[PDB]
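If you're matching positions, the first sequence starts at 25 in my numbering and goes up one per residue. For every residue, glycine included, the Cβ atom is placed at its ideal position computed from N, Cα and C. For reference, the structure discussed in these notes is given below.
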Amino acid sequence: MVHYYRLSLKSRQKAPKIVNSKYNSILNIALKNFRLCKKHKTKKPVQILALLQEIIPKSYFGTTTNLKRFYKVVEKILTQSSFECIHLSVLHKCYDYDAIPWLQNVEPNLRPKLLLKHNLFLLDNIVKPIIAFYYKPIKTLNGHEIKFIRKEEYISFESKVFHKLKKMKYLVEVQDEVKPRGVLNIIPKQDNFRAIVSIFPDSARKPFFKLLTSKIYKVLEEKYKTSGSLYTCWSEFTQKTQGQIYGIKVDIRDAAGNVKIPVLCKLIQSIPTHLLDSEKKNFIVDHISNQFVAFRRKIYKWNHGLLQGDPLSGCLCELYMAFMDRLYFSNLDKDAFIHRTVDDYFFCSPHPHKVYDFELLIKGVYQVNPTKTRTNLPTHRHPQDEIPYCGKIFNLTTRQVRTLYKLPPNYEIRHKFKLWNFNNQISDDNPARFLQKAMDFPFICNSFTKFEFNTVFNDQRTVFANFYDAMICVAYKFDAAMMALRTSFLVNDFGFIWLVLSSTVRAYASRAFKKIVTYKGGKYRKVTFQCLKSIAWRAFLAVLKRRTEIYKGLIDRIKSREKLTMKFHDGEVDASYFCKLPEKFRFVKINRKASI
DNA sequence: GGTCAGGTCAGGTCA
Ligand SMILES: [Mg+2]
Ligand SMILES: [Mg+2]
């Protein structure tokens, strides 16, 4: 009942020098080259595809089509997403066994299972180890994107920042022996960095760690007035204000790093004893006061704010900022709007000067990221009407809000979707259950909420454009799933495809109708059940056009019937946006080629 | 057969 192979590197093994008796000795040639490959003869430019072809003799596959079949899996590995899998069946089905010389002696009908396991051996003992030798997998944290960087480069970057973190005395060799709680990792996040700790497993302590986090969060609801729902505060404020809205979003930089431990410790002691007893208080106090981290066989003490990667740090920083909240935001004009996520602040008022004062206040209290500041203030260098905050885009002039989409140029959109589940596996003969589990609604549910479908402050044009953008996303996921179906299910029967799509469009439109009818507003005109379906269908249409030759049947299929009459009772909807693909998603890369 | 709360999972969002 195990049908999956995981692409991730940690599954790898450490190659024996010789292959055992149950495997054919040709493997050892490969292994030989492994040592020779190991020889420090590498320069900056290597291609893993290229070096592998000089490690595994072509005589192992015999024919070029077999070799290409195998290297296309290798290429998938080299371009992999986190959690991604393939079907074990891929490793043996459709190979030309006649042309493989070392497989002729054994009778043909017992041959397939052997070949799968032999290819598994090569992938686990030579391919993955060779990838590990020159590269480190890091999760970009934008979807499941994984970028590989040269080990020499990652180590150099990690040494540079280690020394910088040493000159500023953030890190100090402890020398007094102390049990370290975890290992430091330096993770790049664009121009800046993220220094985090991976905690050594401390079994039975995560019940304890969840308990302490829970009890503090209860304290943070109970003593400090909840920030409000982000949606409701903004709703009330939009109704309040009929004039031009003014606003600012600021991003505090290293909010954990700018925590003053003495003040936090005093907040701890100041907690009432009925909420959190003195023993737990004292356990927490030397916990944040004695942060010990293991580097290259050496232990250091972190003495700058809260350490990311600590179980308590996420929740603890919120308490500090929550306390800062009351310290500095008790008096605010109730004709104004304010909301905070954790280290991001969004503030709006009808008066420009009061927004300016808020900006000066925050800069006076905190070191901020000036590049991350967005404002409609006129006196600012690069002012904008669109403020991104908490996954959404707010237009202060129009009051319209759109979903925010994190698609950098050349981002590969298949990294956004986690299509493989190792815990519940689907057999290679069952593609339909796979595709429909892929199209479960819950996954896009976070773009099917009151925020995008309300008509209280949102126009019908923007509720449509939101639904469209989301449906564009669902189309891109369909595409990735289809490409998965061709390359590992090796499906030939596309007749059953044209079915769940419309079953989903119907159900999705119905769910939309429900939400839109649930949140009618003063800007709500009239929305036809069928019009939503037409929008969804036009979204799929716009997407499917990227790979026309593969889908020309399907596009033609939906071309007839499937009503797209975009004659909505509004007399304003441009409708050009709906017809084609928004520029954000025209420039994103769907194909797959092994770069390095 | 009709609810419920409780428990688990799932793919997603935010920081
Ligand atoms: Mg966990
Ligand atoms: Mg938990």
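Quick one: grab the DSSP three-state call for residue i.
i: residue 161; result: strand
i: residue 187; result: helix
i: residue 418; result: strand
i: residue 366; result: coil
i: residue 306; result: helix
i: residue 491; result: helix
i: residue 339; result: helix
i: residue 523; result: coil
i: residue 217; result: strand
i: residue 325; result: strand
i: residue 212; result: strand
i: residue 39; result: coil
i: residue 89; result: helix
i: residue 533; result: helix
i: residue 605; result: coil
i: residue 505; result: helix
i: residue 621; result: This structure cannot speak to residue 621, because the chain is shown only from 25 to 620.
i: residue 318; result: strand
i: residue 222; result: strand
i: residue 382; result: helix
i: residue 198; result: coil
i: residue 613; result: strand
i: residue 390; result: coil
i: residue 108; result: coil
i: residue 600; result: helix
i: residue 101; result: helix
i: residue 295; result: coil
i: residue 272; result: strand
i: residue 511; result: helix
i: residue 372; result: strand
i: residue 412; result: strand
Is it the case that the CB of residue i approaches a heavy atom of ligand 2 more closely than 8 Å?
i: residue 163; result: no
i: residue 242; result: no
i: residue 234; result: yes
I'd like the list of long-range same chain contacts for residue i, defined as Cβ closer than 7 Å, with 5 residues on each side in sequence excluded.
i: residue 347; result: 291
i: residue 549; result: 484, 593, 594
i: residue 451; result: 27
i: residue 497; result: 468
i: residue 575; result: 568
i: residue 520; result: 456
i: residue 529; result: 557, 560, 561
i: residue 409; result: 400, 419, 420, 421
Going by beta carbon distance, what residues of the same chain come within less than 8 Å of residue i, once the five residues before and after it are set aside?
i: residue 217; result: 185, 210, 211
i: residue 142; result: 47, 48, 51
i: residue 207; result: 221, 222, 224, 317, 318, 319
i: residue 81; result: 50, 53, 54
i: residue 545; result: 478, 479, 480, 481, 482
i: residue 175; result: 157, 158, 159, 160
i: residue 59; result: 41
Please return the same chain residues whose Cβ sits closer than 6 Å to the Cβ of residue i, not counting the five positions on each side in sequence.
i: residue 274; result: 369, 386, 392, 397
i: residue 70; result: none
i: residue 262; result: 423, 481
i: residue 605; result: 566
i: residue 124; result: 86
i: residue 415; result: 428
So is the beta-carbon of residue i under 8 Å away from any non-hydrogen atom of ligand 4?
i: residue 525; result: In the structure on display, ligand 4 does not appear, and the ligands it does have are ligand 1 and ligand 2.
Worksheet item: Pairing CB atoms from the segment 599-607 with CB atoms from the segment 526-538, are three or more of them under 8 Å?
Response: no
Practice prompt. Only counting runs of 4 or more residues, tell me where the alpha helix (DSSP H) segments fall wholly within the segment 573-598, in order along the chain.
Written response: none
Worksheet entry | Sufficient close CB pairs (3 or more, under 8 Å) joining the segment 283-300 to the segment 156-173 | no
Worksheet entry | Segment contact flag, the segment 187-197 with the segment 66-81, C-beta cutoff 8 Å, min 3 pairs | no
Worksheet item: Does the pairing of the segment 203-222 with the segment 461-479 give three or more beta-carbon distances under 8 Å?
Response: no
Worksheet item: Counting only runs that start and end within the segment 224-263, where is the beta strand (DSSP E) found for 3 or more residues in a row?
Response: none
Worksheet item: So does the segment 550-557 actually touch the segment 573-584, counting three or more Cβ pairs closer than 8 Å?
Response: no
Worksheet item: Do three or more CB pairs link the segment 293-310 to the segment 222-241 at distances below 8 Å?
Response: yes
Item to complete: May I ask you to verify whether the segment 104-116 touches the segment 169-184, counting CB pairs closer than 8 Å and requiring at least 3?
Response: yes
Worksheet item: Would you call the segment 441-449 and the segment 413-428 in contact, with 3 or more CB pairs under 8 Å?
Response: no
Discussion item. For the segment 319-337 against the segment 345-365, do three or more pairs of beta-carbon atoms, one drawn from each stretch, fall closer than 8 Å, so that the two count as touching?
Written reply: no
Fill in: Those runs of the alpha helix (DSSP H) which lie wholly inside the segment 46-84 and span at least 4 residues
50-62, 72-77
Item to complete: Ignoring anything shorter than 4 residues or poking outside the segment 430-496, list the alpha helix (DSSP H) runs there in chain order.
Response: 455-462, 474-477
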